[PDB]
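**Q**
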Amino acid sequence: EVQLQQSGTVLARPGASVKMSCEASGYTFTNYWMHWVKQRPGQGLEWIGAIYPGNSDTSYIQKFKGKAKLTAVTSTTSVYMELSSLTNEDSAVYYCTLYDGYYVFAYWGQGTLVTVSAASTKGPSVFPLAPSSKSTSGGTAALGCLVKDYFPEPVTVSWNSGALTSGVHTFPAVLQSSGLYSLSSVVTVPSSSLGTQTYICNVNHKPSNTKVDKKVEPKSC
Amino acid sequence: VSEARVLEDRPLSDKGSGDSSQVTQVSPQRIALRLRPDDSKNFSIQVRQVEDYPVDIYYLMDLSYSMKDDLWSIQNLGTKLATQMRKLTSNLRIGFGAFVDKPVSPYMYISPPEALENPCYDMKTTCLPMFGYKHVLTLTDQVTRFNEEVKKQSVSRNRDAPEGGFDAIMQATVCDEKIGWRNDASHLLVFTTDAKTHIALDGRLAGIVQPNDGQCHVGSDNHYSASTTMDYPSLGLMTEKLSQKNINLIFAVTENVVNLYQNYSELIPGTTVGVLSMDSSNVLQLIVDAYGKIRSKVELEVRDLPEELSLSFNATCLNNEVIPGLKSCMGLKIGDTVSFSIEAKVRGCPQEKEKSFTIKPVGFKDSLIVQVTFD
Amino acid sequence: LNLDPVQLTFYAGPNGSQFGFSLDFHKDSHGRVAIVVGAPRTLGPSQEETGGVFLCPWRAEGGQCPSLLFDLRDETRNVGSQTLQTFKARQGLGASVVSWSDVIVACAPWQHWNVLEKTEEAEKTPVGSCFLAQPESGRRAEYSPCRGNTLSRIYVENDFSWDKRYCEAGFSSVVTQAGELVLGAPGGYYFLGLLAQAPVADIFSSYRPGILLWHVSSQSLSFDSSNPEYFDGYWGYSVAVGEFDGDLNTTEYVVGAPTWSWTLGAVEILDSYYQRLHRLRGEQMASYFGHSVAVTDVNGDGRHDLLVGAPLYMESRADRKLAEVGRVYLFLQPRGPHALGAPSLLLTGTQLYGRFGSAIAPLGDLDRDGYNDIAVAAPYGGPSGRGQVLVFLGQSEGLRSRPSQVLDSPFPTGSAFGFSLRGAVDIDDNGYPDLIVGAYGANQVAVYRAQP
Amino acid sequence: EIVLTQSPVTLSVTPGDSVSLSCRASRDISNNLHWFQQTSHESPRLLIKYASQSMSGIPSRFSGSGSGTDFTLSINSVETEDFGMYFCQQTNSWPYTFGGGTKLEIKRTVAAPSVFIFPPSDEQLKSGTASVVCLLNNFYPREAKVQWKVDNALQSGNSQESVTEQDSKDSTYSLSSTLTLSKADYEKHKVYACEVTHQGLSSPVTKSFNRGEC
Ligand SMILES: [Ca+2]
Ligand SMILES: [Ca+2]
Ligand SMILES: [Ca+2]
Ligand SMILES: [Ca+2]
Ligand SMILES: [Ca+2]
Ligand SMILES: [Ca+2]
Ligand SMILES: [Mg+2]
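Protein chains in written order, with the entry's author numbering: chain C, 1 to 221; chain B, 58 to 432; chain A, 1 to 452; chain D, 1 to 214.
1. Hey, out of A:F356, A:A294, A:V298, whose CA is closest to A:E324's CA?
2. What does a CB cutoff of less than 7 Å around B:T183 pick up in its chain, not counting 5 residues either side in sequence?
3. Listed in chain order, which residues of the stretch 312-328 of chain B have Cβ atoms closer than 7 Å to some Cβ of chain A?
4. Are B:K72 and B:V104 closer than 8 Å when you measure CB to CB?
5. Skipping 5 residues on each side, what residues in its chain have a beta carbon closer than 6 Å to that of B:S282?
6. Hey, B:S367 and B:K402: beta-carbon distance below 8 Å or not?
7. What three-state label does DSSP hand B:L357 in the structure shown?
8. Any C-beta of chain C sitting closer than 8 Å to the C-beta of D:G64?
9. Got a sec, what are the start and stop residues for the alpha helix (DSSP H) A:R153 sits in?
10. Between B:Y166 and ligand 2, is there a pair consisting of the residue's CB and a ligand heavy atom that are separated by less than 7 Å?
11. Against C:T188, what residues of chain D qualify as contacts under a CB-to-CB distance less than 7 Å, listed in chain order?
12. If the criterion is Cβ atoms closer than 8 Å, does the pair D:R45 and D:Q38 meet it?
13. Is B:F203 helix, strand or coil when you go by DSSP?
14. Express the C-alpha separation of C:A106 and residue 228 of chain D in angstroms, rounding to a whole number.
15. Name the DSSP bridge partner or partners of D:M85?
16. Within the present structure, is the beta-carbon of A:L277 separated from the nearest heavy atom of ligand 3 by less than 7 Å?
17. By DSSP, does A:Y274 sit in helix, in strand, or in coil?
18. Can you tell me which residues fall inside 6 Å of ligand 1, judged by beta-carbon distance to its nearest heavy atom, and keep chain order?
19. Should C:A142 and D:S121 be called a contact, given that it needs their Cβ atoms to be closer than 8 Å?
20. Among all residues, which have a Cβ less than 5 Å from at least one non-hydrogen atom of ligand 4, and in what chain order do they fall?
21. Rounded to a whole number of angstroms, what is the C-alpha to C-alpha distance between A:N78 and A:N149?
22. Out of B:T373, B:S97, B:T311, state which residue places its alpha-carbon closest to the alpha-carbon of B:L343.
23. In the structure shown, what three-state DSSP assignment does A:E252 receive?
24. Could you spell out the range, first to last residue, of the beta strand (DSSP E) harbouring A:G309?
25. Should B:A218 be counted as a contact of ligand 7 given a C-beta to heavy atom distance under 7 Å?
26. Please work out which residues of its chain come closer than 8 Å, Cβ to Cβ, to B:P163, disregarding the five sequence neighbours upstream and downstream, and give them in chain order.
27. With hydrogens ignored, establish whether the beta-carbon of B:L306 is closer than 7 Å to any heavy atom of ligand 5.
28. Does the structure place the stretch 307-323 of chain B close enough to the stretch 250-270 of chain B that three or more beta carbon pairs sit under 8 Å?
29. Here's the rule I'm using: 16 or more other beta-carbon atoms within 10 Å means buried, otherwise exposed. How should A:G92 be labelled?
30. On the DSSP bridge list, what partners appear for A:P109?
31. Ignore the nearest five residues each way along the sequence and tell me which others in A:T259's own chain have a CB closer than 6 Å to its CB.
32. Closer than 8 Å is the cut-off here; do at least three beta carbon pairs connect the stretch 389-398 of chain B with the stretch 343-356 of chain B?
33. Can you give me the Cβ contacts of C:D57 inside the same chain, cut-off strictly under 8 Å, excluding the 5 residues immediately before and after it?
34. For B:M118 and A:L330, I'd like the C-alpha separation in whole angstroms.
35. Using the C-alpha atoms, what's the distance from C:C22 back to B:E171?
36. Helix, strand or coil for D:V78, going by three-state DSSP, please let me know.
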């Protein structure tokens, strides 16, 4: 059973370099070419090149000649890809893929995410969204927490320690021009609950060991 | 007077199943033909294609790089082939053989040094080193062996489009003890390919000028030994060997070469052409249709006819189809017994006061041996 | 008719060398005609088969010849970032030999050539090569028109357009009377085939020893094609030169493509610019129509005729359904723009697998009766299968359908007696043109002399 | 290289309907065209190899077809597990290329965006930046065009438009666009309307929502 095991997510900085591995197990390592594919988030898949672990011969896609560099270590049966002169176009998920006896790429690594933001690990500054009490003679009540200027992903937002599992819309983080992420997490709630039960968002940032629980309450009530 | 005395006349059989080697598909089986100088005597032959006659299906597969998808479709062929060929025969033996092309430049990728053990080096994949013809499975009735052997087959890769398929046909035909061709059986050589084929004098592009001698060169390694030192066969030599070994060649070829292999099958008696899919997915029905189509035609052939003797045939096909000048009867089915009114004419009185020739249908060992005596 | 099969002059070469595979006549500056013999399996300097050429002076006894020396060392050159390397192992030097006025063109069709620049390369492949030699002056040259420095991935990008990597230039060769060396390269353009023409003087002047990849200025190559009728046609398997358009100031090339249009076979007439004037199509699939081509005036009307060999042609018989006997097609040139239509005569073999039409030698006026004659070889013909050469005399209406003489192989079986033929030249200078037959399986060359 | 052009770029199909995804190669890649599925719970999964050969363990609703330059991937009854991205891939010539991709959406009935407006809280107002959030909740299709109207003027730039993935039970989207500006640009103006302009909205189509800065 051919299994491809890659390294984990690796944050990087522009102009720097990142080296990701792919432990190949389930087949004779030096015989077969190892192929690398790049997929930018939300875009299609782009072939990078292949590496022959036998003679460490490599052939890239002209788009990646010089940028990506493939090396193999047949002692541990690992292939290493090193991206040089990183830009923001290099922030993608890189897969090592292998073909089977039918020459289709049926075996893929789980993917190595690369991030080239160049921003120090900052904690989230959660801000309440203050559901307007004026928007009462109408639809339901919408309240949320504005988690702004944190790094890196992700931020685990849970409302009232997981009590609010319905109407929770944690939006995907948006990379700002400052290099940090700012996601929002809104909750739709019955307007009759505005004042009865207070809702608290449990913003949990795994890096920086930040766990902040902000209280949301209407304004001019 | 000139007479045609019948020596061996066994009646035609009804079923080819059971105790074989007693299944007579031609009657009579021997005739004594006394001919005074410059005379002519007529005799008749009946050729029935019996039912449930044992079949040998040697699957000769192009294993070039374009056929890596086809190995996914052949992986259960042999069990499906045994199920579909079970209504057509009670004794089925199937074998497998593979060809790519002569493993020599400019057909074989010769550089980099890694492209000799892996011709798919520039495709960034891995295939087998290039072979010309390898025998894989001797014709066996254990049809699961076909699956076991095709699951462990891999393709190779060569440079040019024509393949070394006729080399493989010659070797699968003349290495009859290595292939496993039974004597009392139908010999279906299923030749699958998706490309043009190399013919004689093509090997000169590799430096190979020695003509194909038509001898067996598959050794114990099960590989064609003379692939790199002997030229490709011509249609003449390959047709002669297919006729000598009673082999019905089946061109299972893709639509891009269907016309080429039909124009070839016009020049090779006993051959049919089926349209193969780009992944060999219709090869079971192709083999079944081509077996029904090969047995839908009785074509006579004369072996070792003396020069002083000429023959004229009046094919008595379907009840009222007396077709003069024809030594063939198309549009038949398994079980139909056709007749041929043959007439042997002498041109003088040769020195040999007794000669002998044989008249047999194409693809069968059963023959009419005409012992011709010139008095 | 008057070739003497008794007094035979046998020239011999090294054993296993395929001596006699190709042969021409060489007229010295003094006019003494020698025999150029190619032996593509002669052992080189390291006991590797590299091929060789033997310049056999005419002696009525025959025997062994002195080899004509060429550079047989694999060369390697770094020109910029590229390593250029030629491979002489099994290059087949002498697989075709043609002799112009004082130049002997010896071609090595299966000479390999690679270009290493980086981890990438140009796919070592038989580009071919022709070795030019002035044996009386000692001057040597070379002409490899299909060497390049383009890398494999560039050809994969272009969909293998203008891919001269497998040319095998010098597979067939011919020198026009003006002095242009026309090379057949049946593997050129990814086995479509091409012609390479360059003047011999411009090859000798443009050749620098040590330089591996150069370009003759006056060199002219054929054109690639996307027409699938030309795929794997092996255009350039055989080449000839004649006069087939009336204008006697230009030379017409006669190129055989024996697998043209799905192994049907063709022979195309062209001009010096490779524009197809006429195309003769094969009569039968896989008959190798265009394996050999000869250009002679067999009916004495001044207009060159075309003889095409189809050595694998199958005729109709009774004990054999289709009998591979071989066939030669005669195309008489009529007074007209092209007018070259159906073959005016069909010469067919009689021996099964005799390969009748593998060689067709214009013998010149063998019996000096006004009409040029023709020798067709069945290298495996005759009732014994050892090889025949059949002499067909020209007449007022083409050739004679019956051979005026058959030359049976004086060598054992497998000699391929007749695989190479050469006539029209008078070695012993008795006024009648002689015939030089090459049996490369016997590693010998038989010299038949025409009697008065 | 061999360019594989997929059509359509996106495709909305009701769960249970039939789909036909197309791929068109720059040149002949006979059947060397494979189909990958990627709904982001794993690496790209190969569904159909060599343009008609279903892989082992692939549901029988996926069918491949096509040869030469035109290839098709047919799904009989798209399940909720089939909605994702589908890439055709050629292994005919190196370099091996993929298609642009084809997303499969769920295609429920059009819904109206439940628009909202959030003023910057006092906590964020302490810092020198203020972001107003305009929330479009549970709408379909995703093709909305939100514009910020500051003092009845178009506001180019300073927008995020973070759209959520298509919901699970009721397959609607949800959008949140934020206007990032300093406290100077915040207290400088007084009108912060949010134009929506979604097709799911009746007349007036432009549902410009306001909060009444007080
Ligand atoms: Ca295929
Ligand atoms: Ca080939
Ligand atoms: Ca002219
Ligand atoms: Ca003439
Ligand atoms: Ca004459
Ligand atoms: Ca003479
Ligand atoms: Mg092929």
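From the three backbone atoms N, C-alpha and C, an ideal C-beta is built for every residue, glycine too.
**A** Reading from the atomic positions:
1. The shortest C-alpha separation from A:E324 is found at A:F356.
2. By the criterion of a C-beta distance shorter than 7 Å, B:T183 is surrounded in its chain by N175, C177, once the five residues flanking it on both sides are discounted.
3. Of all residues in the stretch 312-328 of chain B, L317, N320, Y321, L324, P326 have a Cβ within less than 7 Å of some Cβ in chain A.
4. Contact flag unset, no.
5. Cβ neighbours of B:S282 beyond the five flanking positions: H274, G276.
6. The answer is yes: Cβ separation under 8 Å.
7. Strand at B:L357.
8. Residue contact check for D:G64 against chain C: no CB pair falls below 8 Å.
9. A:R153 -> alpha helix (DSSP H) spans 152-157.
10. For ligand 2, not one heavy atom lies less than 7 Å from the Cβ of B:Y166.
11. In chain order: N137.
12. It is a contact, given that the beta carbons lie within the stated cut-off.
13. In the structure shown, B:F203 falls within a helical segment according to DSSP collapsed to helix, strand and coil.
14. Absent from the model: residue 228 of chain D. The displayed extent of chain D is 1 to 214, so no value can be given.
15. According to DSSP, which records beta bridges pairwise, D:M85 is partnered with D:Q38, D:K103.
16. No.
17. Note: A:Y274 maps to coil in three-state DSSP.
18. Listed by chain position, these are B:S123, B:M124, B:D126, B:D127, B:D251, B:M335, B:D336.
19. Annotated as distal: C:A142 and D:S121, with beta-carbon spacing of 8 Å or more.
20. My final list is A:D297, A:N299, A:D301, A:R303, A:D305.
21. Rounded to whole angstroms, the separation of the alpha carbons of A:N149 and A:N78 is 12 Å.
22. Nearest option by C-alpha distance: B:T311.
23. Strand, per DSSP.
24. Segment 305-310, the beta strand (DSSP E) holding A:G309.
25. Yes; taking the cut-off as 7 Å, the Cβ of B:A218 has a heavy atom of ligand 7 nearer than that.
26. A distance below 8 Å between beta-carbons, with the five flanking residues on each side excluded, links B:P163 to the following residues of its chain, in chain order: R216, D217, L262, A263.
27. Because no heavy atom of ligand 5 lies under 7 Å away, the Cβ of B:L306 does not count as near it: no.
28. Three or more Cβ pairs closer than 8 Å define a contact, and the stretch 250-270 of chain B meets that threshold against the stretch 307-323 of chain B.
29. Buried.
30. According to DSSP, which records beta bridges pairwise, A:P109 is partnered with nothing at all.
31. The residues are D232, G233, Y234.
32. Yes, they touch.
33. Excluding sequence neighbours, C:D57 sits near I51.
34. For B:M118 and A:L330, the distance between alpha carbons rounds to 41 Å.
35. When the Cα atoms are used, B:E171 and C:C22 turn out to be separated by approximately 23 Å.
36. In this structure, D:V78 counts as coil in the three-state DSSP scheme.
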